[PDB]
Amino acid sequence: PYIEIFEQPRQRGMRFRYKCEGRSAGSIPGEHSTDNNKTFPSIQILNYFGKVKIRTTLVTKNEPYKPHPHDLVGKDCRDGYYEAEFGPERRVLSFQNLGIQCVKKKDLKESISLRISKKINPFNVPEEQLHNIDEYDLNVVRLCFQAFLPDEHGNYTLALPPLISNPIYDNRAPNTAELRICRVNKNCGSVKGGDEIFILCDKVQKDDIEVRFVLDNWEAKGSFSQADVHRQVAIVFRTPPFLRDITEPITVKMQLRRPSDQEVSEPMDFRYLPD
């Protein structure tokens, strides 16, 4: 008797809304989820068939998961966390309306004290280790599913192991935003490589970013310095040479990449040409 995540929540593309931004802090989507046939984070209770209760709470991306300041808002959420009873019904439990409301940095402290003075601690993490405000990440959280089964006749106390979902990063924050190449001025260049390209893109961090050409076992970096990143939304760089040379146009894949976590943007075709 344990819990299992059927479909993990998408990690990029969702903004954490502030309280000042309405009540719909959004609805976190699933991984697979598509525009047409969209899906939602869902889990299933293996080794069990019966009435019960589940509690979705937000936790850190840190090895020893401690409650997070941000709130989970939406249908069946109160006090920053979702809780609901579920029947022996369909195996898969989907959770549609699950938004993330983020607290202003000021609220950060006050916020965690209440998680303590509330019992919200699915991992019984050392209370004092929990006041470790200076070190947390308000740009990324994790969903902590906590299913409690029926006790010796009566309510739900038999709690199953707290399962934790993949991390979800706030797309509004520069260091967690999804990588996206908006526009380029040239989709091809010489194999000698040295062509100067202008990439318009979503906010990145000149500190932690790199354009990366790739094909099979081959891969090279676009060539540019930090000064070439314009107001975080544009990169002026030069194409790297291709290994060897060729006689016919050879298209490779070009893409933004973030070293720190190696996250990459959707690729784009770049055709190398014979001199």
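So that there is no doubt, residue numbering starts at 1 and follows the sequence shown.
A summary of the deposited B-factors shows that, of 158-166 and 89-97, the stretch with the larger mean C-alpha value is 89-97.
A summary of the deposited B-factors shows that, of 183-191 and 67-75, the stretch with the larger mean C-alpha value is 183-191. Of the candidates 225, 247, 56, 62, the deposited coordinates give 62 the top C-alpha B factor. Across 140, 143, 204, 130, the greatest Cα temperature factor reported in the deposited entry is at 130. Ranked by Cα temperature factor within the chain, residue 12 sits in the lowest third according to the deposited record.
Among the modelled residues of its chain, residue 255 has a C-alpha B-factor that falls in the middle third, as given in the PDB entry. Among all modelled residues in this chain, the alpha-carbon of residue 136 has a temperature factor (C-alpha) in the highest third. Annotation for residue 208: C-alpha temperature factor in the middle third relative to the rest of the modelled chain, per the entry. Per-chain ranking of the deposited C-alpha B factor places residue 149 in the highest third.
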